[PDB]
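Chemist: My sequence and its experimental structure, below.
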Amino acid sequence: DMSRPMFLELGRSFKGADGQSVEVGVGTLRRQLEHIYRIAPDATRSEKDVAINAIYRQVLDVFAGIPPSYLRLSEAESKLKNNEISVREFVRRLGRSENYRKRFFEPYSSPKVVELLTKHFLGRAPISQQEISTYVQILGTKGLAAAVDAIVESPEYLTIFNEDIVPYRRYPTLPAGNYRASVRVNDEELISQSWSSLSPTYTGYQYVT
Amino acid sequence: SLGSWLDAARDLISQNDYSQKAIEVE
Amino acid sequence: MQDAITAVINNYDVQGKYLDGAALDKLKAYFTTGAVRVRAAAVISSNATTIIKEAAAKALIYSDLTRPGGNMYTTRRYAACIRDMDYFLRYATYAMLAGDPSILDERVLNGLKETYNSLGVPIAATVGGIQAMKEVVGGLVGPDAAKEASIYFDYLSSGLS
Amino acid sequence: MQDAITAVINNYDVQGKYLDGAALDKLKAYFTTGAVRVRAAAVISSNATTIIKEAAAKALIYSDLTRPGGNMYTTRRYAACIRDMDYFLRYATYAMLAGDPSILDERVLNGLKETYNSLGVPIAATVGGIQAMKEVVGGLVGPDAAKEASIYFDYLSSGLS
Amino acid sequence: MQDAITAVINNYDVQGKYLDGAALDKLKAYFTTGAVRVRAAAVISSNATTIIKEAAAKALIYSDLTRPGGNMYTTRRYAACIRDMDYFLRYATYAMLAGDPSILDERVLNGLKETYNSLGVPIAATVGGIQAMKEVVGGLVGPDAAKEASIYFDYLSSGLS
Amino acid sequence: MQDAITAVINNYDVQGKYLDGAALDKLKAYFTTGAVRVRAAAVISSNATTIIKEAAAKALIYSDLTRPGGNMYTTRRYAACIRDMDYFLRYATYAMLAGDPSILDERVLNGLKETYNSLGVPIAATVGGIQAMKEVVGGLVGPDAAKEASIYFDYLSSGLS
Amino acid sequence: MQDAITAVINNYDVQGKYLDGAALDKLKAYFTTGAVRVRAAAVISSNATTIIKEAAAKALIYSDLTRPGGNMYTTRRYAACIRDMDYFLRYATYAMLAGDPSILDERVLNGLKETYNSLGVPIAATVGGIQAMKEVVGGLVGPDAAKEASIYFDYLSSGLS
Amino acid sequence: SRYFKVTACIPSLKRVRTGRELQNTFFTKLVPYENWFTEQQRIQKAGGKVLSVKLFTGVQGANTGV
Amino acid sequence: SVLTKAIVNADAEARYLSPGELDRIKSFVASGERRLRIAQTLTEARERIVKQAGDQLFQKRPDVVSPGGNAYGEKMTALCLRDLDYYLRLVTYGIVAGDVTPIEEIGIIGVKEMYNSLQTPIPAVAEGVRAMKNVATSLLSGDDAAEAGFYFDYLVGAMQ
Amino acid sequence: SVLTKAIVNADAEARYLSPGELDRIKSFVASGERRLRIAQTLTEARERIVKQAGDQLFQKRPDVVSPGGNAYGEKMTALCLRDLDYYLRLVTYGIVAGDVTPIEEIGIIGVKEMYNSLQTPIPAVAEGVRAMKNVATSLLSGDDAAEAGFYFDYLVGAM
Amino acid sequence: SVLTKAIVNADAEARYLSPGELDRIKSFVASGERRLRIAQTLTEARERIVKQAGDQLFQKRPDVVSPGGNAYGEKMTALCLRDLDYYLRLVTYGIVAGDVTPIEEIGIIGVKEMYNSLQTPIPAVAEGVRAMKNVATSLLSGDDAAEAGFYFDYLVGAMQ
Ligand SMILES: *[C@H](C)[C@H]1/C(=C/c2[nH]c(/C=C3N=C(/C=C4\NC(=O)C(CC)=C4C)C(C)=C\3CCC(=O)O)c(CCC(=O)O)c2C)NC(=O)[C@@H]1C
Ligand SMILES: *[C@H](C)[C@H]1/C(=C/c2[nH]c(/C=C3N=C(/C=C4\NC(=O)C(CC)=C4C)C(C)=C\3CCC(=O)O)c(CCC(=O)O)c2C)NC(=O)[C@@H]1C
Ligand SMILES: *[C@H](C)[C@H]1/C(=C/c2[nH]c(/C=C3N=C(/C=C4\NC(=O)C(CC)=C4C)C(C)=C\3CCC(=O)O)c(CCC(=O)O)c2C)NC(=O)[C@@H]1C
Ligand SMILES: *[C@H](C)[C@H]1/C(=C/c2[nH]c(/C=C3N=C(/C=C4\NC(=O)C(CC)=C4C)C(C)=C\3CCC(=O)O)c(CCC(=O)O)c2C)NC(=O)[C@@H]1C
Ligand SMILES: *[C@H](C)[C@H]1/C(=C/c2[nH]c(/C=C3N=C(/C=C4\NC(=O)C(CC)=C4C)C(C)=C\3CCC(=O)O)c(CCC(=O)O)c2C)NC(=O)[C@@H]1C
Ligand SMILES: *[C@H](C)[C@H]1/C(=C/c2[nH]c(/C=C3N=C(/C=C4\NC(=O)C(CC)=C4C)C(C)=C\3CCC(=O)O)c(CCC(=O)O)c2C)NC(=O)[C@@H]1C
Ligand SMILES: *[C@H](C)[C@H]1/C(=C/c2[nH]c(/C=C3N=C(/C=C4\NC(=O)C(CC)=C4C)C(C)=C\3CCC(=O)O)c(CCC(=O)O)c2C)NC(=O)[C@@H]1C
Ligand SMILES: *[C@H](C)[C@H]1/C(=C/c2[nH]c(/C=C3N=C(/C=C4\NC(=O)C(CC)=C4C)C(C)=C\3CCC(=O)O)c(CCC(=O)O)c2C)NC(=O)[C@@H]1C
Ligand SMILES: *[C@H](C)[C@H]1/C(=C/c2[nH]c(/C=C3N=C(/C=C4\NC(=O)C(CC)=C4C)C(C)=C\3CCC(=O)O)c(CCC(=O)O)c2C)NC(=O)[C@@H]1C
Ligand SMILES: *[C@H](C)[C@H]1/C(=C/c2[nH]c(/C=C3N=C(/C=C4\NC(=O)C(CC)=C4C)C(C)=C\3CCC(=O)O)c(CCC(=O)O)c2C)NC(=O)[C@@H]1C
């Protein structure tokens, strides 16, 4: 538009409404919902306990974000608060724990077990069928614990989190298909099975009368 | 020692007896 | 997520428009409501445990659900249910402060229905429990606050159903 | 998983019924079978490698599958197939001790057909391999044990097909 | 991924055939082309940043996309677009060396359409940007190289559309 | 860790000796004691919370430690102290079943003094608390059991000091 | 970490004392300083890159360190050194707001000497760089602010040496 | 099970990181025995130096209970 | 169950069942007949056990059955008895299983959280279970009672 | 404090303080003198707050101070009052800090464990804090009272 | 906004909003009316601010408006001014929000990468923003100017 200073005219938007917003593609939320936590020895107990709670909530999928006491592991927590072990070594202990095995290994099938491993430690969906096959062969030939040890030992693990950072949800995008997959595993695949076998719920009795 | 509490607590017990009130749902 | 202030800003940014008086009026509206919301949020946080207990008594417990075979039967499932109730209450409080329901759509409502269906959690009863919480909350917060509080509870219920 | 004992318990717990004589009779039945099962399990574990070898000889090897263009052609694929065979054997043994097919459903059977279809693994041949293992196992375990062992192998085969 | 040499080998391995003269001729064909491809790849790598800049100037920038409301509006989105451009360029270079389009399908093309649709990225504009890069690349590499380079760029564009 | 049975085997394996009558006598000794130990362990587990309460009442509480400026002042520190008490009790019970003190050294005792010194936890008071628990335990378990129980408690106390 | 306000509180909590007028006076002293500190912090953040450049020019660059065989030689080492400088500046700013040196001990100072010794980073030069930053900062912040700013820089330098 | 106490110093020679990496750089830690061989290798490939190793828990040359 | 637990540990280790694990299964199947008898005894005497236990509990703690208390009122008192009956049923299931796994999933996980919402005092509940044990022990033979005691003790421990 | 919280978030994100974070510090330091006044009032009236709240508590829960009850006996009664005094001191610390960090570390984390061992009933400690709020609030101006109220409510929530 | 930031911190802690966090929200809502006025002033004077700031920037750096420089030519000079206008708009949004979150998502993330492709020098851009601050400060009241300054400073800090 003539009579209008050119710098104003170049900024104008012809589309107006019906145009994309800041929360359109990746969006603002998933960033800034990600906190790097590092435990410091000096840190106050209230600071330390927020990070410990974050470990529990990533690795055991504690949506509520505050572990129920039976889920906690206390000796490991004391060694972590003493700075005798690293956050990485605490995460390794959690996976070798029995609560891990009952909630995540025993109900699932091995290919789903692997998906849950990468999600729980690593923050992402499995990258490839070749990645799935290696971990499945570990589970079948050696423990659940040996598979837990492999991911934490993995180079990916060591680049993104090293020893100090608590794992976080990261939606990569570097490999192909991983951004979609990691959205589906972190945002839609809420856990949908019961860990316990006993006292199955009857379908009826939906309404409360 | 909680001395101030010790004298105030007995003062409170002497002034009023709790052993009859009974809980009130309110 | 988005809040009321950011929602105005975002609408103007897609237009590329600087903020104008009409936009400013919407922002002004939020700022008057704000003080009330803060007070309401503190009330809810302090009485959160009570709110859940009352709501469960009103809808969930003394029912077939608690009796054997019911989803809320077994201590593990009872505890899970009150855990979920607490989540919903906390997020509703966040939404009320924000003045926008977006947060509910993002974290609370995502995949919830499908998960519930696979679990066998009964949606209707859950909705009933949310509505029960709303009534209890309404009393605590007081009438002016209650209207604002109600919309977020209603938003959750509609999403779940 | 759920074992035979827990399966009975579960049925009564959803009813809310205390355990009754009829229930007790089912439990009693399992307890007599139990000793046989333990003996069978030890036999299978000691002869596991042999069982797989014999079953492969009967069905998988000396075949088109092993020859070029077949799904068990290449060392990598051959090794994967014998790994699967070992898993089936191990889980069947677990099921036989448990007296329940549940473990098979929960870990082995769930999503297997779909995985196989994407991989291009031939289900029919796999089933054949399971049936071959059963026959070999039957011999080793002895007749009383064999009947119990057979049902779990059959359960796997039916699931896969 | 798979390259021209490996593609021949794989085709003979499924047949189980030893390598024959006809196969050798295909391999020989790649080996003559190879030297040219290496030179082209080095050119692209050195001028990569410039190639992207020129292509953006030709198609993406000074447009409605950059103007407010457009998907390339905001620094975050602008940066993401030029990041994707860089990926396409890098992978096309890899494909040209390899002499095979397979790597593009495995690493770039798989899931791209669906991802873009969820994001709201406009495919047509992206394709336009790829075509722009091809033209710029064609100039830098020189004519002999350009023909080889073009096919991989075209393969990407067709996949996206 | 190591138990009584394994400790004997441990010693014979370094010698390379097959199990001998003298070795068998040590094993025999353990097997007679075993029944008593199992009974004692069940008693301790059932009364564990009470044992800790009584021991704290005897030594820790109503003291300068609990008063401000003391290591058991603040809820956080009080809770940590009773958690440590529970650990000592649980490990002593494990040792008593095992019939070996090794487990105490491996899990509780190693590094404890140094940790306590850096924290400023008073060792003498801790020892006092362990001794108090022993006395309480002695009563519950009964005399025969008490002798066995006492040595493990004494082992902890000596380690700390 | 600890701030001035919390430091007073902590000292009274170990005594068990309720807050008294003398304590209140120390708290009041911080509150008057606070406004000035906030202004200083904003100045530093805006001019941070400049501060580091000036300080490096004064001490680190045009020296033997930058010349081959020096610790700051190679781009990787140069970049690491200016990264460390930025850390020191950022933490000093945090300490100045807090009014307490504790955060410096907890995060910056702890383990730094040992790490530096293994790396081969020269402490004296680092200290020199910190002192240079202080002078530059002093100018920007203005005199009243500078006194407060100086103590935290000095605290870092003493810790490192 | 046996456990090692290990001190190491690790440099970042491939990249320069803005976030505070001091905890990663100098890390005394307790390592299960079965993990140590992998963890030693990892430190060596990074071009870290292993300052100290001590066996915290477990007995040297024990045939059982290991 | 004993069986379930053994299998589950083996699966995680990806191993066939150990000789020791097999032996423990053998022992359990031998003990099974005895276990079934113990369970049957308690089932028959259930109404009596609950009633006697209830009385002891109310005597020990007046408060629960008082206006302030949770148990106050007929409906509430019935519910408190219903709870005791539930815990007894769990214990019987435990005895036949040979493990607390059945008990634990149905009754001990989340128990604190459930009772805290209800505002029922957990220590009182524990007392009721202790009471039930005393009654149950009297009905059982001495050897049987010891076996039964362990399962009762576990409950009491968990509800604390 | 407010300061600590702001700095900690910044350090984690490895950044200088945001304009928002700076603004919150400015607001807080302006409020400082008022906060100190609120704390001083409560400190002065400490003995009264504890005692009057104590009396209300014993009326509300006669049982605790009854031969059956846990709190029964003068020594026990003193301890219950001592506890109330401790909690009141904590509240004042919170007010001056402008956040709960001090309160939380000293009095709420691990609190569930400690009282449960003692067998003191927590579903009643909260009531004692509520009681204390009512008394304390009556000695404060309306604006001051509201500020003080938040901290009291937090305690009740945390238990 | 202030609100968004507070909620996000609470979510991470998995807690209801703290008394201190609630107080921060209260302060923001009180300040809001003043903030709106400050933003309106800048909006009205926008055309002048951009123009004056441009001139100062070009005086500070002749090079950008020179044949070598990126800004050289009419179209390019307009674009450089357009960018300054964009940043001013963002600052106004920031002032009303009470936080830089709006500013940061639209303008500071990926800014380095965008400018590097364009080949525009980042330090010059920062100078232009500094220039804009000086013009804006003169129009604003001293108290208002300080508030506005912080947001301007953040931009300068983010891209330098
Ligand atoms: C540029 C020519 C066009 C454009 C691009 C654009 N892309 C995104 C976001 C994403 N881009 C990808 C794509 C890929 N990831 C891969 O692995 C591959 C194959 C190697 C590609 C090509 C992904 C996954 C994302 C999302 C995650 C991320 O940001 O990393 C955006 C931004 C969306 C956002 O909200 O940030 C844009 C703008 N869009 C245009 O306008 C151009 C036409
Ligand atoms: C209680 C009798 C005395 C007491 C105890 C006390 N301990 C700590 C802190 C720690 N306690 C330990 C000890 C252990 N952790 C373990 O895993 C084991 C072996 C199984 C033990 C015995 C540890 C490691 C810590 C430090 C870190 C942590 O909290 O886990 C404290 C708390 C000190 C603090 O402020 O953190 C206390 C109070 N102190 C007394 O007053 C009693 C005499
Ligand atoms: C209570 C009113 C009703 C009820 C709840 C209930 N939920 C579960 C199990 C789950 N609850 C969830 C829900 C969420 N997970 C999330 O990530 C989110 C959103 C972010 C929510 C709200 C999930 C995923 C589970 C599964 C695993 C888990 O417990 O973490 C149960 C238990 C189901 C089971 O069989 O274990 C119950 C009982 N059910 C009712 O009957 C009430 C009407
Ligand atoms: C000769 C050096 C040794 C030897 C050979 C031997 N092999 C078999 C059986 C098989 N060999 C293979 C191997 C391959 N399949 C592949 O895909 C590849 C890579 C391209 C190889 C090398 C297979 C699949 C079989 C199984 C049978 C089949 O062909 O279908 C046998 C018979 C095994 C038996 O015990 O019956 C033998 C004897 N054995 C020796 O003693 C030599 C040292
Ligand atoms: C052998 C009789 C037949 C055969 C097998 C075969 N399987 C795969 C690949 C997979 N097999 C499975 C199955 C399981 N994994 C488990 O953990 C379990 C439960 C314990 C089972 C039963 C899975 C999941 C895979 C995929 C990943 C993996 O390899 O672990 C292959 C490989 C095919 C490929 O190209 O990848 C083969 C060959 N196929 C035959 O030819 C036989 C008839
Ligand atoms: C010339 C092509 C361009 C140019 C160069 C320039 N450099 C400096 C100052 C320094 N340059 C270096 C660089 C290096 N140190 C190393 O370790 C390596 C890798 C082996 C390099 C490349 C260093 C360290 C300095 C700082 C001074 C010093 O060396 O002690 C300047 C001086 C400007 C200043 O000091 O501000 C200049 C001019 N400048 C241009 O514009 C040309 C395009
Ligand atoms: C600059 C004034 C001097 C200089 C610095 C220098 N430092 C390193 C390497 C590291 N620096 C640190 C220091 C810190 N990391 C932290 O987390 C903190 C506290 C917040 C500090 C202060 C660390 C840990 C490293 C190692 C890994 C890393 O990059 O962070 C180097 C590089 C040495 C090497 O070879 O790796 C240098 C050059 N050296 C000088 O000569 C200047 C005087
Ligand atoms: C009796 C020893 C104590 C007591 C009990 C009591 N319970 C309730 C209410 C409920 N109790 C349960 C408990 C369970 N549900 C389960 O699935 C299990 C495990 C199998 C248990 C034990 C439930 C679900 C309820 C809620 C009501 C319902 O059944 O739907 C009350 C009533 C409290 C109320 O207000 O409803 C009481 C009194 N209370 C005591 O004080 C005794 C010490
Ligand atoms: C009053 C609300 C209830 C009550 C009181 C009561 N308290 C105790 C004993 C203790 N109180 C504490 C608690 C604290 N110590 C701390 O460091 C803090 C945080 C600052 C607190 C809150 C301590 C350590 C004790 C234990 C003994 C001691 O003080 O040394 C008792 C005695 C416990 C007993 O069982 O004898 C009592 C009775 N009782 C009630 O019923 C009221 C609800
Ligand atoms: C002026 C201070 C400096 C300058 C600017 C300059 N910019 C361009 C081109 C573009 N600038 C942008 C910037 C933005 N897009 C956004 O989303 C935001 C945040 C809201 C900004 C600030 C964009 C997208 C472009 C690309 C062209 C387009 O808008 O479509 C140019 C011209 C391009 C060129 O390189 O020739 C210039 C000159 N240049 C300077 O050196 C000044 C210091």
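Modeler: Great, that's in hand. Residues are numbered from 1 along each chain as shown, chains lettered A, B, ... in the order given. Ligands and ions are numbered 1, 2, ... in the order given.
Chemist: so where do the helices sit in chain H?
Modeler: For chain H, the helices defined by DSSP state H cover H:22-25, H:33-45.
Chemist: ok, the first one near chain A or not?
Modeler: Yes: Helix H:22-25 is in contact with chain A by Cβ under 8 Å from any Cβ of the partner chain, via H:23, H:24. Every C-beta, even on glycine, is put in place using the N, C-alpha and C of the backbone.
Chemist: That helix and chain J, any residue contact?
Modeler: No: taking Cβ under 8 Å from any Cβ as the criterion, helix H:22-25 and chain J are apart, separated by no less than 12.5 Å.
Chemist: and the residue in chain B positioned nearest to chain H, how far is that from residue G:73?
Modeler: Nearest residue of chain B to chain H: residue B:2, at 43.6 Å (Cβ to the nearest Cβ). Taking Cβ to Cβ, to the nearest Å as the measure, residue B:2 falls 68 Å from residue G:73.
Chemist: go on, residue I:49?
Modeler: As defined by Cβ to Cβ, residue I:49 lies at a distance of 85 Å from residue G:73.
Chemist: Of these two, give the one with the bigger neighbour count.
Modeler: Remark: of residue I:49 and residue G:73, residue I:49 carries more neighbours, 23 against 14, as counted by other Cβ atoms under 10 Å in any protein chain shown.
Chemist: Flag every buried residue along the helix or strand hosting the more buried one.
Modeler: Residue I:49 belongs to helix I:46-60 when assigned by DSSP states H and E. Using 16 or more other Cβ atoms under 10 Å in any protein chain shown as the burial criterion, the residues of helix I:46-60 that qualify are I:46, I:49, I:50, I:52, I:53, I:54, I:56, I:57, I:58.
Chemist: hang on, isn't the third one packed against residue I:84?
Modeler: The reference is to residue I:50. Yes: with contact defined as Cβ atoms under 8 Å, residue I:50 counts as touching residue I:84 (5.1 Å).
Chemist: what do those two both touch?
Modeler: Common contacts of residue I:50 and residue I:84 (Cβ atoms under 8 Å, 6 or more residues apart in numbering or on different chains): residue I:132.
Chemist: Could you list which residues are in contact with the closest residue to ligand 6 within chain C?
Modeler: Residue nearest to ligand 6 within chain C: residue C:16 (37.2 Å; Cβ to the nearest ligand atom). Applying Cβ under 8 Å, 6+ apart to residue C:16 gives the contacts A:11, A:12, A:13, E:67, E:68, E:69, K:89.
Chemist: any idea how far residue A:80 is from the closest residue to residue A:75 other than its chain neighbours?
Modeler: In this structure, residue A:75 finds its nearest non-sequential neighbour in residue F:87, 7.7 Å apart by Cβ to Cβ, 6 or more residues apart in numbering or on different chains. Using Cβ to Cβ, residue F:87 is found at 16 Å from residue A:80.
Chemist: Between the two, point out the one with more neighbours.
Modeler: residue A:80 (21 against 16).
Chemist: host element of that one?
Modeler: helix A:74-82.
Chemist: And for residue A:191, the neighbour number?
Modeler: Neighbours around residue A:191, by other Cβ under 10 Å: 16.
Chemist: Assign it to helix, strand or coil.
Modeler: Under DSSP: H, G, I helix; E, B strand; the rest coil, the three-state class of residue A:191 is coil.
Chemist: With the one 5 residues further on instead?
Modeler: Classification of residue A:196 by three-state DSSP places it in coil.
Chemist: Torsion angles phi and psi at it?
Modeler: With angles defined as degrees, to the nearest 10, residue A:196 sits at phi -90, psi 150.
Chemist: List the contacts of it.
Modeler: Residue A:196 sits next to C:76, I:105 when contact means Cβ under 8 Å, 6+ apart.
Chemist: For chain B, which segments count as helices?
Modeler: Taking DSSP H to define them, one finds helices in chain B at B:3-15.
Chemist: typo on my end, chain C
Modeler: C:4-15, C:21-46, C:48-55, C:75-98, C:102-103, C:112-119, C:123-141, C:143-160.
Chemist: do chain A as well
Modeler: Applying DSSP H to chain A gives helices spanning A:6-11, A:45-59, A:74-82, A:87-96, A:98-100, A:110-120, A:129-141, A:145-153, A:155-160, A:178-183.
Chemist: Residue numbers of chain C in contact with chain D?
Modeler: Near chain D, when you scan chain C using Cβ under 8 Å from any Cβ, you find C:67, C:68, C:69.
Chemist: Does the residue nearest to residue A:75 touch residue F:108 like I think?
Modeler: Yes: contact criterion Cβ under 8 Å: residue F:87 and residue F:108 qualify, at 6.5 Å.
Chemist: What is the end-to-end distance of stretch I:57-70?
Modeler: Chord length of stretch I:57-70, first to last residue, is 14 Å (Cα to Cα, to the nearest Å).
Chemist: in that stretch, what's buried?
Modeler: Neighbour-count burial for stretch I:57-70 flags I:57, I:58, I:61, I:63, I:64, I:65, I:69, I:70 (criterion: 16+ other Cβ under 10 Å).
Chemist: do stretch I:28-48 as well
Modeler: Buried residues in stretch I:28-48, counted by 16+ other Cβ under 10 Å: I:28-29, I:32, I:35-36, I:38-43, I:45-46.
Chemist: Kindly report the same for stretch C:142-150.
Modeler: C:145, C:146, C:148, C:149, C:150.
Chemist: would you turn those into JSON lines with distance to ligand 8?
Modeler: Output for the buried residues of stretch C:142-150, formatted as JSON lines (distance: Cβ to the nearest ligand atom, whole Å):
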{"residue": "C:145", "distance to ligand 8": "28"}
{"residue": "C:146", "distance to ligand 8": "26"}
{"residue": "C:148", "distance to ligand 8": "31"}
{"residue": "C:149", "distance to ligand 8": "26"}
{"residue": "C:150", "distance to ligand 8": "27"}
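Chemist: Out of the residues you listed, which is nearest to residue H:35?
Modeler: residue C:149 (52.1 Å; Cβ to Cβ).
Chemist: residue contacts, residue A:167?
Modeler: Counting by Cβ under 8 Å, 6+ apart, residue A:167 has contacts A:55, A:58, A:59, A:91, A:120, A:121, A:122, A:123, A:161.
Chemist: In contact with the closest residue to chain E within chain I, which residues?
Modeler: As assessed by Cβ to the nearest Cβ, chain E sits closest to residue I:14 within chain I, at 31.6 Å. By Cβ under 8 Å, 6+ apart, the residues touching residue I:14 are A:139, A:140, A:141, A:142, A:143, D:90.
Chemist: how close does the closest residue to residue A:1 other than its chain neighbours sit to ligand 8?
Modeler: Counting by Cβ to Cβ, 6+ apart, residue A:1 lies nearest to residue A:9, which is 5.6 Å off, once chain neighbours are set aside. Going from residue A:9 to ligand 8 by Cβ to the nearest ligand atom, to the nearest Å gives 70 Å.
Chemist: correct me, but residue A:9 touches residue E:67?
Modeler: No: assessed by Cβ under 8 Å, residue A:9 is found out of contact with residue E:67, at 10.6 Å.
Chemist: The two - which one has more neighbours?
Modeler: Neighbours per residue, other Cβ under 10 Å: of residue A:9 and residue E:67, the larger number sits with residue E:67, 19 against 13.
Chemist: Look up phi and psi at the residue nearest to that one when sequence neighbours are not counted.
Modeler: In this structure, residue E:67 finds its nearest non-sequential neighbour in residue A:13, 4.9 Å apart by Cβ to Cβ, 6+ apart. Dihedral pair for residue A:13: phi -110, psi 120, per degrees, to the nearest 10.
Chemist: and residue A:13, what is it in contact with?
Modeler: A:19, C:14, C:15, C:16, E:64, E:67, E:68, E:69, E:70.
Chemist: count of residues packed around the second one?
Modeler: In other words, residue C:14. Applying other Cβ under 10 Å, we find 21 other residues in the vicinity of residue C:14.
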